[PDB]
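Take a look at the structure below.
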Amino acid sequence: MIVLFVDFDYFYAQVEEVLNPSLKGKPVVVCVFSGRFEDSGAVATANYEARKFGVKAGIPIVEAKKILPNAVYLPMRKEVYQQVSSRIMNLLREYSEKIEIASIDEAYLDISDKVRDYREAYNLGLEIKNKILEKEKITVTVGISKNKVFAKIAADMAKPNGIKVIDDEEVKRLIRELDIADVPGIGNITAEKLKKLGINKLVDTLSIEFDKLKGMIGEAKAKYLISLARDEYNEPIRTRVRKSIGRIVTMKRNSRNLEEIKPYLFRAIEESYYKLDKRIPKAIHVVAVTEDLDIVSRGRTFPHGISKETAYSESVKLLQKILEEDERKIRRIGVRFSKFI
DNA sequence: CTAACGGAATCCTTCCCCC
DNA sequence: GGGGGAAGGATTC
Ligand SMILES: Nc1ccn([C@H]2C[C@H](O)[C@@H](COP(=O)(O)OP(=O)(O)OP(=O)(O)O)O2)c(=O)n1
Ligand SMILES: [Ca+2]
Ligand SMILES: [Ca+2]
Ligand SMILES: [Ca+2]
């Protein structure tokens, strides 16, 4: 195949720069405020001016303000970024009917029936970049290869506003030389257990027997890495459909009293049913983050659709099921609806 | 009422009822 | 032995 992958460069921060061009060239930090104390939260993303000094996603806001006290700390307007994302995704549909929208800033395009060789695909990536830069003024990164994995790897390399094509020969040397921690789907928990087995490259998974690797990362993760190592990975581009919608808020204080959690729980249901917008769900899940950021969830599925009033009375029973089966105090409480019609 | 941490999705793994 | 569902986990954005 020939897969064209698009990744929006610092999406949340760049959209804020488009709406306010005076922020250009200045370190911008898009923050997610929680509401406990002031400056409590994490960094959603930051532009490359702020990311030079280590201000990247995940770090707390207070820790980022000690590195860059004079930076622009804007609240996260996710809906504004979603509207911009939606308009850009419609621009990509003109180039391929087979499109796979991964996240809010990632989209896979199967251009196997639109270009001949990789050079023509490279020219198509330039045409796509110059089109998003024209209509929406957003710089993106294009990664082109033979499957979805290496297309994302090609974009991860020439990340800041670039375009990279990994031909069939560079794929061969990457199976032998690329660090396996930089493979999509390989986080710290599994990458550490691969070094325990002595696997630092993709080709290492072909020497170790299957069950030795199967018992440490699982059957799916084992067959997935071996598929990439054998140069036999070719999962097709598929249209993704949202399978769940959730909203979870942070309470003012850690509490186990039911009547104190119900306002936050009912607040999540209102904001969750608003984000539903048609689509009647058949299951409701009450999600509670414990005192030490551990996740607990008690679900419930119905043979019919769930109404707003039903989600109200049923979430209380699911919430009580959490307090009866867990002694830790709750930090965040929320609701996730799945199994649509 | 301002305290060492956000919110939101996905697929996979384990455990267990069940044919 | 395997299908299929609830709850936890790892991943990534
Ligand atoms: N832990 C994270 C990581 C990312 N995001 C959001 C902010 C980003 O704008 C978007 C995509 O993040 P990327 O991982 O693609 O990183 P950026 O797009 O911010 O920059 P770059 O693509 O250069 O890494 O998702 C988030 O909320 N939380
Ligand atoms: Ca991305
Ligand atoms: Ca990006
Ligand atoms: Ca990684």
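Are any of the residues in the range A:108-125 closer than 22 Å to A:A13 by Cβ, part of a strand (DSSP E or B), within 15 Å of ligand 3 (Cβ to nearest atom) and not assigned by CATH to the domain that holds A:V18? Outline the logic, then answer.
Start the filter on the range A:108-125 by keeping residues that are closer than 22 Å to A:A13 by Cβ, which leaves none.
No, the range A:108-125 contains no residue that is closer than 22 Å to A:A13 by Cβ, part of a strand (DSSP E or B), within 15 Å of ligand 3 (Cβ to nearest atom) and not assigned by CATH to the domain that holds A:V18.
Criterion first (away from ligand 3 (no atom under 16 Å from the Cβ) and within 29 Å of A:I226 (Cβ to Cβ)) does A:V171 satisfy it?
Spelling it out, A:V171 is indeed away from ligand 3 (no atom under 16 Å from the Cβ) and within 29 Å of A:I226 (Cβ to Cβ).
Using the structure shown, decide if A:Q83 is away from ligand 4 (no atom under 16 Å from the Cβ), over 30 Å from A:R116 (Cα atoms), of a type in the set (S, T, N, Q) and buried (at least 22 other Cβ atoms within 10 Å of the Cβ). Please lay out each step first, then the result.
Values: away from ligand 4 (no atom under 16 Å from the Cβ): yes; over 30 Å from A:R116 (Cα atoms): yes; of a type in the set (S, T, N, Q): yes; buried (at least 22 other Cβ atoms within 10 Å of the Cβ): no.
Considered against the rule, which asks whether it is away from ligand 4 (no atom under 16 Å from the Cβ), over 30 Å from A:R116 (Cα atoms), of a type in the set (S, T, N, Q) and buried (at least 22 other Cβ atoms within 10 Å of the Cβ), A:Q83 comes out as no.
Being more than 16 Å from A:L258 (Cβ to Cβ) and not in a helix (DSSP H, G or I) is the filter here, so list the residues in the range A:297-330 that pass it.
A:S297, A:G299, A:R300, A:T301, A:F302, A:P303, A:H304, A:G305, A:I306, A:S307
Considering only the range A:162-214, how many residues are within 16 Å of ligand 1 (Cβ to nearest atom), assigned to a loop (DSSP other than H, G, I, E, B), out of contact with any strand residue (DSSP E or B) (no Cβ under 8 Å at 6 or more places or on another chain) and closer than 16 Å to A:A151 by Cβ?
Qualifying residue count for the region: 3.
Given the structure, is A:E38 part of a helix (DSSP H, G or I), more than 27 Å from A:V149 (Cα to Cα) and either hydrophobic (A, V, I, L, M, F, W, C) or outside the structural domain of A:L293 (by CATH) (or both)?
Numbers: part of a helix (DSSP H, G or I): no; more than 27 Å from A:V149 (Cα to Cα): yes; either hydrophobic (A, V, I, L, M, F, W, C) or outside the structural domain of A:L293 (by CATH) (or both): yes.
So A:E38 does not fit the description; no.
Restricting attention to the range A:1-30, which residues are crowded, with 22+ Cβ neighbours inside 10 Å and either away from ligand 1 (no atom under 15 Å from the Cβ) or part of a strand (DSSP E or B) (or both)?
A:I2, A:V3, A:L4, A:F5, A:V6, A:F8, A:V28, A:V29, A:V30
Checking the condition surrounded by 13 or more Cβ atoms within 10 Å (Cβ to Cβ), free of Cβ contacts under 8 Å to residues at least 60 places away in the same chain, under 18 Å from the mean Cα position of the chain (by Cα) and not assigned by CATH to the domain that holds A:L133, which residue from A:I67, A:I59 passes?
Every option except A:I59 fails the conditions.
Of the numbered conditions (1) among the aliphatic types (A, V, I, L, M); (2) touching a residue at least 60 places away in the same chain (Cβ under 8 Å); (3) more than 14 Å from ligand 2 (Cβ to nearest atom), A:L174 satisfies every one except a single condition; which is it?
That leaves (2) as the condition not met.
Would it be correct to say that A:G54 is on the phi > 0 side of the Ramachandran plot, in contact with a strand residue (DSSP E or B) (Cβ under 9 Å, 6 or more places away or on another chain) and without any contact (Cβ under 8 Å) to a residue 60 or more places away in the chain? Quick ask: steps written out before the conclusion?
Working: on the phi > 0 side of the Ramachandran plot: yes; in contact with a strand residue (DSSP E or B) (Cβ under 9 Å, 6 or more places away or on another chain): no; without any contact (Cβ under 8 Å) to a residue 60 or more places away in the chain: yes.
In short, no.
If I go through the range A:282-296 residue by residue, how many of them are more than 21 Å from A:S272 (Cα to Cα), surrounded by fewer than 12 Cβ atoms within 10 Å (Cβ to Cβ) and within 12 Å of DNA strand B (Cβ to nearest atom)?
Matching residues across the range A:282-296 total 2.
Because the Cβ atoms are built from the backbone with ideal geometry, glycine has one as well, and the counts that use them run over all protein chains shown. Basis: the model, the stated rules and, where named, an outside source; these are not laboratory values.
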